[PDB]
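Source file: data.cif; contents: mmCIF, C-alpha atoms and all ligand atoms.
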data_model
#
loop_
_atom_site.group_PDB
_atom_site.id
_atom_site.type_symbol
_atom_site.label_atom_id
_atom_site.label_comp_id
_atom_site.auth_asym_id
_atom_site.auth_seq_id
_atom_site.Cartn_x
_atom_site.Cartn_y
_atom_site.Cartn_z
ATOM 1 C CA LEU A 1 -62.901 130.760 -95.826
ATOM 2 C CA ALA A 2 -66.292 130.232 -94.096
ATOM 3 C CA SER A 3 -69.722 129.984 -95.779
ATOM 4 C CA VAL A 4 -71.636 130.700 -92.587
ATOM 5 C CA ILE A 5 -71.242 133.922 -90.588
ATOM 6 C CA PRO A 6 -71.043 133.122 -86.860
ATOM 7 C CA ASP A 7 -73.629 135.535 -85.394
ATOM 8 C CA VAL A 8 -75.921 138.468 -86.018
ATOM 9 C CA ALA A 9 -73.401 140.935 -84.656
ATOM 10 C CA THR A 10 -70.990 139.830 -87.398
ATOM 11 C CA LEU A 11 -73.714 139.987 -90.058
ATOM 12 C CA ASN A 12 -74.440 143.577 -88.990
ATOM 13 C CA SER A 13 -70.789 144.493 -89.022
ATOM 14 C CA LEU A 14 -70.459 143.135 -92.545
ATOM 15 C CA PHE A 15 -73.581 145.081 -93.640
ATOM 16 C CA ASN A 16 -72.050 148.260 -92.247
ATOM 17 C CA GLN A 17 -68.740 147.558 -93.966
ATOM 18 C CA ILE A 18 -70.584 147.217 -97.288
ATOM 19 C CA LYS A 19 -72.665 150.336 -96.717
ATOM 20 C CA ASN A 20 -69.509 152.275 -95.877
ATOM 21 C CA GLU A 21 -68.240 151.615 -99.422
ATOM 22 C CA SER A 22 -71.295 153.200 -101.060
ATOM 23 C CA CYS A 23 -70.757 155.887 -103.657
ATOM 24 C CA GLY A 24 -71.928 159.191 -102.141
ATOM 25 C CA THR A 25 -70.123 158.571 -98.877
ATOM 26 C CA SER A 26 -67.052 160.146 -97.417
ATOM 27 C CA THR A 27 -66.152 156.706 -96.046
ATOM 28 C CA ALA A 28 -65.613 154.826 -99.341
ATOM 29 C CA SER A 29 -62.469 153.556 -100.929
ATOM 30 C CA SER A 30 -61.876 153.335 -104.666
ATOM 31 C CA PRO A 31 -63.986 152.210 -106.496
ATOM 32 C CA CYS A 32 -67.061 152.947 -104.466
ATOM 33 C CA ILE A 33 -70.053 150.627 -104.878
ATOM 34 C CA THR A 34 -72.612 152.308 -107.154
ATOM 35 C CA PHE A 35 -75.731 151.407 -105.155
ATOM 36 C CA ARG A 36 -77.264 154.820 -105.967
ATOM 37 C CA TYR A 37 -77.229 153.940 -109.688
ATOM 38 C CA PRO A 38 -79.629 151.028 -110.092
ATOM 39 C CA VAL A 39 -79.873 151.174 -113.881
ATOM 40 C CA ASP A 40 -77.202 148.529 -114.377
ATOM 41 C CA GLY A 41 -74.062 147.019 -112.933
ATOM 42 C CA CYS A 42 -75.823 144.794 -110.336
ATOM 43 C CA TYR A 43 -73.394 141.973 -111.115
ATOM 44 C CA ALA A 44 -70.430 144.206 -110.258
ATOM 45 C CA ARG A 45 -72.052 145.540 -107.089
ATOM 46 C CA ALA A 46 -72.728 141.980 -105.913
ATOM 47 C CA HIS A 47 -69.220 140.758 -106.637
ATOM 48 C CA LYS A 48 -67.736 143.758 -104.812
ATOM 49 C CA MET A 49 -69.943 143.050 -101.794
ATOM 50 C CA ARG A 50 -68.641 139.478 -101.894
ATOM 51 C CA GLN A 51 -65.060 140.803 -101.920
ATOM 52 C CA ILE A 52 -65.812 142.650 -98.662
ATOM 53 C CA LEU A 53 -67.126 139.426 -97.106
ATOM 54 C CA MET A 54 -64.027 137.586 -98.306
ATOM 55 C CA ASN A 55 -61.746 140.250 -96.852
ATOM 56 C CA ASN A 56 -63.389 139.247 -93.563
ATOM 57 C CA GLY A 57 -62.916 135.483 -94.121
ATOM 58 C CA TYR A 58 -66.467 134.753 -95.385
ATOM 59 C CA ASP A 59 -68.085 133.668 -98.594
ATOM 60 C CA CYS A 60 -71.727 133.853 -99.626
ATOM 61 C CA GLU A 61 -74.128 132.777 -102.326
ATOM 62 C CA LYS A 62 -75.604 134.881 -105.095
ATOM 63 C CA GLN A 63 -79.301 134.950 -105.751
ATOM 64 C CA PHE A 64 -80.299 135.755 -109.323
ATOM 65 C CA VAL A 65 -83.888 136.733 -110.108
ATOM 66 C CA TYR A 66 -85.248 136.939 -113.626
ATOM 67 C CA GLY A 67 -88.390 138.362 -115.194
ATOM 68 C CA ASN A 68 -90.230 141.494 -116.116
ATOM 69 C CA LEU A 69 -88.532 143.259 -113.189
ATOM 70 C CA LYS A 70 -89.230 146.772 -111.928
ATOM 71 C CA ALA A 71 -87.679 148.633 -108.987
ATOM 72 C CA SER A 72 -87.953 152.087 -107.458
ATOM 73 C CA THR A 73 -85.464 154.216 -105.624
ATOM 74 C CA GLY A 74 -88.156 156.377 -104.080
ATOM 75 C CA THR A 75 -87.985 159.007 -106.826
ATOM 76 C CA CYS A 76 -87.524 156.993 -110.070
ATOM 77 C CA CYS A 77 -88.055 153.589 -111.629
ATOM 78 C CA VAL A 78 -85.803 151.165 -113.408
ATOM 79 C CA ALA A 79 -86.702 148.102 -115.457
ATOM 80 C CA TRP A 80 -84.575 144.978 -115.512
ATOM 81 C CA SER A 81 -84.513 141.538 -117.083
ATOM 82 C CA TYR A 82 -82.564 140.172 -114.107
ATOM 83 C CA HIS A 83 -81.121 141.282 -110.801
ATOM 84 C CA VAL A 84 -78.543 139.799 -108.433
ATOM 85 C CA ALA A 85 -77.392 140.339 -104.868
ATOM 86 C CA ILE A 86 -75.494 138.423 -102.185
ATOM 87 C CA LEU A 87 -77.308 135.813 -100.121
ATOM 88 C CA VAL A 88 -75.523 135.484 -96.766
ATOM 89 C CA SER A 89 -75.857 132.599 -94.346
ATOM 90 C CA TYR A 90 -75.412 133.208 -90.630
ATOM 91 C CA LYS A 91 -76.122 131.590 -87.293
ATOM 92 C CA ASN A 92 -78.974 133.100 -85.332
ATOM 93 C CA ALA A 93 -79.072 133.567 -81.532
ATOM 94 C CA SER A 94 -79.768 129.850 -80.906
ATOM 95 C CA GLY A 95 -77.239 128.589 -83.456
ATOM 96 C CA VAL A 96 -79.607 127.893 -86.296
ATOM 97 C CA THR A 97 -78.608 128.982 -89.819
ATOM 98 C CA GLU A 98 -80.635 131.684 -91.526
ATOM 99 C CA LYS A 99 -80.099 133.498 -94.830
ATOM 100 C CA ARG A 100 -80.529 137.145 -95.793
ATOM 101 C CA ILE A 101 -79.966 139.204 -98.877
ATOM 102 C CA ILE A 102 -77.683 142.220 -98.630
ATOM 103 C CA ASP A 103 -78.568 144.720 -101.317
ATOM 104 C CA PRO A 104 -78.253 148.433 -100.438
ATOM 105 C CA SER A 105 -79.467 149.395 -103.908
ATOM 106 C CA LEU A 106 -82.951 148.310 -102.736
ATOM 107 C CA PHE A 107 -82.672 148.041 -98.941
ATOM 108 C CA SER A 108 -80.351 150.620 -97.455
ATOM 109 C CA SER A 109 -80.997 149.854 -93.794
ATOM 110 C CA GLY A 110 -80.083 146.197 -93.329
ATOM 111 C CA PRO A 111 -80.218 142.642 -94.558
ATOM 112 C CA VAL A 112 -83.628 141.361 -95.701
ATOM 113 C CA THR A 113 -85.244 138.036 -96.568
ATOM 114 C CA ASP A 114 -84.898 136.830 -100.108
ATOM 115 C CA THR A 115 -88.708 136.901 -100.452
ATOM 116 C CA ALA A 116 -88.795 140.605 -99.500
ATOM 117 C CA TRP A 117 -85.944 141.234 -101.894
ATOM 118 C CA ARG A 118 -87.531 139.521 -104.872
ATOM 119 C CA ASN A 119 -90.772 141.403 -104.191
ATOM 120 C CA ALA A 120 -88.837 144.705 -104.406
ATOM 121 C CA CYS A 121 -87.741 143.578 -107.878
ATOM 122 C CA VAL A 122 -91.384 143.479 -108.991
ATOM 123 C CA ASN A 123 -92.440 146.890 -107.657
ATOM 124 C CA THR A 124 -95.764 147.802 -109.259
ATOM 125 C CA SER A 125 -95.319 151.485 -108.460
ATOM 126 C CA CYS A 126 -93.173 151.131 -111.620
ATOM 127 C CA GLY A 127 -95.858 149.296 -113.614
ATOM 128 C CA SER A 128 -96.522 145.683 -114.429
ATOM 129 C CA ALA A 129 -93.920 143.310 -113.074
ATOM 130 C CA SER A 130 -93.383 139.591 -112.544
ATOM 131 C CA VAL A 131 -90.717 137.029 -111.601
ATOM 132 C CA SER A 132 -90.169 134.281 -114.177
ATOM 133 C CA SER A 133 -87.554 132.346 -112.127
ATOM 134 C CA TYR A 134 -84.834 132.699 -109.494
ATOM 135 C CA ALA A 135 -81.743 130.662 -108.649
ATOM 136 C CA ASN A 136 -79.082 130.567 -105.984
ATOM 137 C CA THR A 137 -75.459 130.032 -106.942
ATOM 138 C CA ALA A 138 -72.104 129.916 -105.271
ATOM 139 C CA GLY A 139 -70.837 133.400 -104.600
ATOM 140 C CA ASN A 140 -68.032 133.087 -107.104
ATOM 141 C CA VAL A 141 -70.503 133.125 -109.993
ATOM 142 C CA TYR A 142 -70.461 136.594 -111.533
ATOM 143 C CA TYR A 143 -73.434 136.054 -113.854
ATOM 144 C CA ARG A 144 -75.860 133.155 -114.354
ATOM 145 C CA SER A 145 -77.965 133.051 -117.497
ATOM 146 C CA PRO A 146 -81.616 131.886 -117.272
ATOM 147 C CA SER A 147 -80.278 128.721 -118.968
ATOM 148 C CA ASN A 148 -77.810 128.081 -116.080
ATOM 149 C CA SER A 149 -74.633 129.143 -117.844
ATOM 150 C CA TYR A 150 -71.995 130.732 -115.570
ATOM 151 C CA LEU A 151 -69.443 133.529 -116.129
ATOM 152 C CA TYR A 152 -66.773 134.447 -113.541
ATOM 153 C CA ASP A 153 -64.709 137.463 -112.494
ATOM 154 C CA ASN A 154 -62.258 135.872 -110.112
ATOM 155 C CA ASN A 155 -59.778 138.767 -109.984
ATOM 156 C CA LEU A 156 -62.528 141.422 -109.916
ATOM 157 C CA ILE A 157 -61.094 143.100 -113.000
ATOM 158 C CA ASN A 158 -64.509 143.429 -114.595
ATOM 159 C CA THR A 159 -66.137 144.411 -111.303
ATOM 160 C CA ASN A 160 -63.746 147.229 -110.517
ATOM 161 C CA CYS A 161 -63.769 148.510 -114.113
ATOM 162 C CA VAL A 162 -67.582 148.655 -114.242
ATOM 163 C CA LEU A 163 -67.848 150.305 -110.831
ATOM 164 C CA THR A 164 -65.350 152.946 -111.942
ATOM 165 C CA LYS A 165 -67.282 153.588 -115.144
ATOM 166 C CA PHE A 166 -70.462 154.149 -113.150
ATOM 167 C CA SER A 167 -68.842 156.049 -110.264
ATOM 168 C CA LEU A 168 -70.362 159.473 -110.977
ATOM 169 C CA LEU A 169 -73.802 158.195 -111.971
ATOM 170 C CA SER A 170 -76.904 158.268 -109.806
ATOM 171 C CA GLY A 171 -80.610 157.649 -110.138
ATOM 172 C CA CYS A 172 -82.410 156.193 -113.122
ATOM 173 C CA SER A 173 -80.591 158.104 -115.865
ATOM 174 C CA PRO A 174 -78.696 157.622 -118.035
ATOM 175 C CA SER A 175 -80.629 154.602 -119.274
ATOM 176 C CA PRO A 176 -79.216 152.548 -120.983
ATOM 177 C CA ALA A 177 -76.061 152.839 -118.893
ATOM 178 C CA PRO A 178 -72.855 153.828 -120.626
ATOM 179 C CA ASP A 179 -70.901 151.237 -122.570
ATOM 180 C CA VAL A 180 -68.821 148.855 -120.477
ATOM 181 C CA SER A 181 -67.650 146.728 -123.443
ATOM 182 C CA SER A 182 -64.059 147.795 -122.856
ATOM 183 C CA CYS A 183 -63.968 146.322 -119.379
ATOM 184 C CA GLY A 184 -62.133 143.002 -119.437
ATOM 185 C CA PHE A 185 -61.597 140.141 -117.076
HETATM 186 NA NA NA B 201 -77.916 145.066 -113.033
#
Would you write out, as structure tokens, the structure that this file holds?
Ligand code: NA
Amino acid sequence: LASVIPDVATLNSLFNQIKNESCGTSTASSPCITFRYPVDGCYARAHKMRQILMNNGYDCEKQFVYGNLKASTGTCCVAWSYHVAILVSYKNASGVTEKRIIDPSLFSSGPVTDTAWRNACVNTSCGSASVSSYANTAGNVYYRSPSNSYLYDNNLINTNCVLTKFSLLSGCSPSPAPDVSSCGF
């Protein structure tokens, strides 16, 4: 298991592998990743992206951002108290380590800097918005509270259950998302 991806070609491959699992595509396996439904389930999307990296022999970090968050899909807005995505480390063309967020719910075309990512979580086309804090964690953290408490989903039982519950959903409705209380760990 490697924390640093060896090159940009591999980072791009991994991005494509993640995008290929998006709900709405012919290419995805069960459960598809519900990037088109940004209302909720970010934690599950992130952990499923991490599973794809691990399938490939890589791990990553999570970045959690907290605040009065607002994001747009291009036709509707969602409001969040937190968001999470995977923060991938890789070696650039001269062997120096760089990091990028992968989050196709906000950036469908490729990896982006964490500063661009956090700014998309405070999108003022959806009204007032601000970041109160952000934190990086090991990838294995499923959720991090603003008080630095961790929860885990090591066998992806919660992840897969939530993704399945949200499988048919798209856009910014329904909001709140349907109940996922019955999904275990
Ligand atoms: Na979420």
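Nearest-residue note for residue 175 of chain A: choosing from A:106, A:39, A:53, A:141, the minimum distance belongs to A:39, counting all atoms listed in the file.
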Produce a table with one row for each residue of chain A that has an atom at most 7 Å from any atom of ligand NA 201 (chain B), each row naming the nearest atom pair and its distance in Å at one decimal; use all atoms listed in the file; arrange rows by chain and rising residue number; format as JSON lines.
{"residue": "A:38", "atom": "CA", "partner": "B:NA201", "partner_atom": "NA", "distance": 6.9}
{"residue": "A:39", "atom": "CA", "partner": "B:NA201", "partner_atom": "NA", "distance": 6.5}
{"residue": "A:40", "atom": "CA", "partner": "B:NA201", "partner_atom": "NA", "distance": 3.8}
{"residue": "A:41", "atom": "CA", "partner": "B:NA201", "partner_atom": "NA", "distance": 4.3}
{"residue": "A:42", "atom": "CA", "partner": "B:NA201", "partner_atom": "NA", "distance": 3.4}
{"residue": "A:43", "atom": "CA", "partner": "B:NA201", "partner_atom": "NA", "distance": 5.8}
{"residue": "A:82", "atom": "CA", "partner": "B:NA201", "partner_atom": "NA", "distance": 6.8}
{"residue": "A:83", "atom": "CA", "partner": "B:NA201", "partner_atom": "NA", "distance": 5.4}
Might you spell out which residues the PyMOL selection byres (((chain A and resi 122) around 8) and not hetatm) would select in the displayed file, as a PDB file with C-alpha atoms, keeping the file's coordinate frame?
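Now in expr_17.pdb:
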ATOM      1  CA  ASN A  68     -90.230 141.494-116.116  1.00  0.00           C
ATOM      2  CA  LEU A  69     -88.532 143.259-113.189  1.00  0.00           C
ATOM      3  CA  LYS A  70     -89.230 146.772-111.928  1.00  0.00           C
ATOM      4  CA  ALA A  71     -87.679 148.633-108.987  1.00  0.00           C
ATOM      5  CA  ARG A 118     -87.531 139.521-104.872  1.00  0.00           C
ATOM      6  CA  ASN A 119     -90.772 141.403-104.191  1.00  0.00           C
ATOM      7  CA  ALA A 120     -88.837 144.705-104.406  1.00  0.00           C
ATOM      8  CA  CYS A 121     -87.741 143.578-107.878  1.00  0.00           C
ATOM      9  CA  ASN A 123     -92.440 146.890-107.657  1.00  0.00           C
ATOM     10  CA  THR A 124     -95.764 147.802-109.259  1.00  0.00           C
ATOM     11  CA  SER A 128     -96.522 145.683-114.429  1.00  0.00           C
ATOM     12  CA  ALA A 129     -93.920 143.310-113.074  1.00  0.00           C
ATOM     13  CA  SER A 130     -93.383 139.591-112.544  1.00  0.00           C
ATOM     14  CA  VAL A 131     -90.717 137.029-111.601  1.00  0.00           C
TER      15      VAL A 131
END
Distance in Å - atom CA of residue 93 of chain A versus atom CA of residue 113 of chain A: 16.9 Å
Atom-to-atom span, atom CA of residue 180 of chain A and atom CA of residue 25 of chain A, Å: 23.7 Å
Apply the PyMOL selection byres (((chain A and resi 20) around 12) and not hetatm) to the structure shown and report the selected residues as a PDB file with C-alpha atoms, keeping the file's coordinate frame.
ATOM      1  CA  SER A  13     -70.789 144.493 -89.022  1.00  0.00           C
ATOM      2  CA  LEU A  14     -70.459 143.135 -92.545  1.00  0.00           C
ATOM      3  CA  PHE A  15     -73.581 145.081 -93.640  1.00  0.00           C
ATOM      4  CA  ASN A  16     -72.050 148.260 -92.247  1.00  0.00           C
ATOM      5  CA  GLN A  17     -68.740 147.558 -93.966  1.00  0.00           C
ATOM      6  CA  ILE A  18     -70.584 147.217 -97.288  1.00  0.00           C
ATOM      7  CA  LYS A  19     -72.665 150.336 -96.717  1.00  0.00           C
ATOM      8  CA  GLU A  21     -68.240 151.615 -99.422  1.00  0.00           C
ATOM      9  CA  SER A  22     -71.295 153.200-101.060  1.00  0.00           C
ATOM     10  CA  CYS A  23     -70.757 155.887-103.657  1.00  0.00           C
ATOM     11  CA  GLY A  24     -71.928 159.191-102.141  1.00  0.00           C
ATOM     12  CA  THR A  25     -70.123 158.571 -98.877  1.00  0.00           C
ATOM     13  CA  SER A  26     -67.052 160.146 -97.417  1.00  0.00           C
ATOM     14  CA  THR A  27     -66.152 156.706 -96.046  1.00  0.00           C
ATOM     15  CA  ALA A  28     -65.613 154.826 -99.341  1.00  0.00           C
ATOM     16  CA  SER A  29     -62.469 153.556-100.929  1.00  0.00           C
ATOM     17  CA  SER A  30     -61.876 153.335-104.666  1.00  0.00           C
ATOM     18  CA  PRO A  31     -63.986 152.210-106.496  1.00  0.00           C
ATOM     19  CA  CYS A  32     -67.061 152.947-104.466  1.00  0.00           C
ATOM     20  CA  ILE A  33     -70.053 150.627-104.878  1.00  0.00           C
ATOM     21  CA  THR A  34     -72.612 152.308-107.154  1.00  0.00           C
ATOM     22  CA  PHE A  35     -75.731 151.407-105.155  1.00  0.00           C
ATOM     23  CA  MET A  49     -69.943 143.050-101.794  1.00  0.00           C
ATOM     24  CA  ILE A  52     -65.812 142.650 -98.662  1.00  0.00           C
ATOM     25  CA  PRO A 104     -78.253 148.433-100.438  1.00  0.00           C
ATOM     26  CA  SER A 108     -80.351 150.620 -97.455  1.00  0.00           C
ATOM     27  CA  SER A 109     -80.997 149.854 -93.794  1.00  0.00           C
TER      28      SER A 109
END
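Taken over the whole file, the PyMOL selection byres (((chain A and resi 162) around 7) and not hetatm) covers exactly residues 41, 44, 158, 159, 160, 161, 163, 164, 165, 166, 180 and 183 of chain A.
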Generate N, CA, C and O atoms for segment 34-53 of chain A and emit them as a CSV table (one decimal), in the frame of the given file.
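Output (part.csv):
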chain,number,residue,atom,x,y,z
A,34,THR,N,-71.7,151.4,-106.5
A,34,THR,CA,-72.6,152.3,-107.2
A,34,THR,C,-74.1,152.0,-106.9
A,34,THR,O,-74.9,152.0,-107.7
A,35,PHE,N,-74.4,151.8,-105.6
A,35,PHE,CA,-75.7,151.4,-105.2
A,35,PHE,C,-76.8,152.5,-105.6
A,35,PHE,O,-77.9,152.1,-105.9
A,36,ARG,N,-76.4,153.7,-105.6
A,36,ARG,CA,-77.3,154.8,-106.0
A,36,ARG,C,-77.6,154.9,-107.4
A,36,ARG,O,-78.4,155.7,-107.8
A,37,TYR,N,-77.0,154.0,-108.3
A,37,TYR,CA,-77.2,153.9,-109.7
A,37,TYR,C,-77.8,152.6,-110.0
A,37,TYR,O,-77.0,151.7,-110.4
A,38,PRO,N,-79.1,152.4,-109.9
A,38,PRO,CA,-79.6,151.0,-110.1
A,38,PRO,C,-79.9,150.6,-111.5
A,38,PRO,O,-80.4,149.5,-111.8
A,39,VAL,N,-79.6,151.5,-112.5
A,39,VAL,CA,-79.9,151.2,-113.9
A,39,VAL,C,-79.2,149.9,-114.3
A,39,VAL,O,-79.8,149.1,-115.0
A,40,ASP,N,-77.9,149.7,-113.9
A,40,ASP,CA,-77.2,148.5,-114.4
A,40,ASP,C,-76.0,148.4,-113.4
A,40,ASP,O,-75.8,149.1,-112.5
A,41,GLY,N,-75.2,147.3,-113.7
A,41,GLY,CA,-74.1,147.0,-112.9
A,41,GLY,C,-74.3,146.2,-111.7
A,41,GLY,O,-73.4,146.1,-110.8
A,42,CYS,N,-75.5,145.6,-111.5
A,42,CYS,CA,-75.8,144.8,-110.3
A,42,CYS,C,-74.8,143.7,-110.1
A,42,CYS,O,-74.5,143.4,-109.0
A,43,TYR,N,-74.4,143.1,-111.2
A,43,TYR,CA,-73.4,142.0,-111.1
A,43,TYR,C,-72.1,142.4,-110.5
A,43,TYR,O,-71.5,141.7,-109.7
A,44,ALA,N,-71.7,143.6,-110.8
A,44,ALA,CA,-70.4,144.2,-110.3
A,44,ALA,C,-70.6,144.6,-108.8
A,44,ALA,O,-69.8,144.3,-108.0
A,45,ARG,N,-71.8,145.2,-108.5
A,45,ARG,CA,-72.1,145.5,-107.1
A,45,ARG,C,-72.0,144.3,-106.2
A,45,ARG,O,-71.5,144.3,-105.1
A,46,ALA,N,-72.7,143.2,-106.7
A,46,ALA,CA,-72.7,142.0,-105.9
A,46,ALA,C,-71.4,141.4,-105.7
A,46,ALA,O,-71.0,140.9,-104.6
A,47,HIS,N,-70.5,141.4,-106.8
A,47,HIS,CA,-69.2,140.8,-106.6
A,47,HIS,C,-68.3,141.6,-105.7
A,47,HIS,O,-67.5,141.0,-105.0
A,48,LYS,N,-68.5,142.9,-105.7
A,48,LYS,CA,-67.7,143.8,-104.8
A,48,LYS,C,-68.2,143.6,-103.4
A,48,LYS,O,-67.3,143.5,-102.5
A,49,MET,N,-69.5,143.4,-103.1
A,49,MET,CA,-69.9,143.0,-101.8
A,49,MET,C,-69.3,141.7,-101.3
A,49,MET,O,-68.9,141.6,-100.2
A,50,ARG,N,-69.3,140.8,-102.2
A,50,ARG,CA,-68.6,139.5,-101.9
A,50,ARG,C,-67.2,139.7,-101.5
A,50,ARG,O,-66.7,139.0,-100.6
A,51,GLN,N,-66.5,140.6,-102.2
A,51,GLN,CA,-65.1,140.8,-101.9
A,51,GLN,C,-64.9,141.3,-100.5
A,51,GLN,O,-64.0,140.9,-99.8
A,52,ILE,N,-65.8,142.2,-100.0
A,52,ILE,CA,-65.8,142.6,-98.7
A,52,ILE,C,-66.0,141.5,-97.7
A,52,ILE,O,-65.3,141.4,-96.7
A,53,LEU,N,-67.0,140.6,-98.0
A,53,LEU,CA,-67.1,139.4,-97.1
A,53,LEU,C,-65.8,138.6,-97.1
A,53,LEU,O,-65.4,138.2,-96.0
